[PDB]
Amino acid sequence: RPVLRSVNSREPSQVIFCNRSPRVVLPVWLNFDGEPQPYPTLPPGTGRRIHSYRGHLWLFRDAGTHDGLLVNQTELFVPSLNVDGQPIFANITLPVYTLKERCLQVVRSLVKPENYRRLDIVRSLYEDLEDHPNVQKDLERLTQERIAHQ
């Protein structure tokens, strides 16, 4: 959607992606049409200089599972103009997952999807296991929260 999208400012902004999580991080750039584009991943505890632009939008996920992550305590990161040539830091961290979500992550990392139904757990959880994290669904959710909050 045009709501969540990068603006073609053409105004360079120096940024540093800092992975302060124990996950391999996938930076995702929202292009000019609001479509998510992947960028090189970051290993845990590593940082990297990025040449981005004022008004561009970024979000971050676990590279292998797409589990949600936060950047500077929030969902989206928007580069601003550099002051005194100081790069803008994008500190990526794990959010406090609910205990239920964390257990689902672990079970998913150990079980093949075609085997979920073989687990001796309550019926309702089968659906939860199958409803894995999805960036597209997140963008739609964020857009509703975005609009529907004014």
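Just count from 1 along the sequence shown to find any residue number. Take the two forms, superpose them, and find the largest set of C-alpha atoms that agree within 1.5 Å; that set is the rigid core.
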Core-superposed comparison in 9 other deposited structures of this protein: bigger Cα RMS shift among 18 to 26 and 123 to 131 is in 123 to 131
The stretch whose C-alpha atoms carry the larger average B-factor in the entry, 79 to 87 or 102 to 110, is 79 to 87
Once average C-alpha B-factors are taken from the entry for 50 to 58 and 113 to 121, the winner is 113 to 121
Residue 21: CA temperature factor from the record, placed by chain third, in the lowest
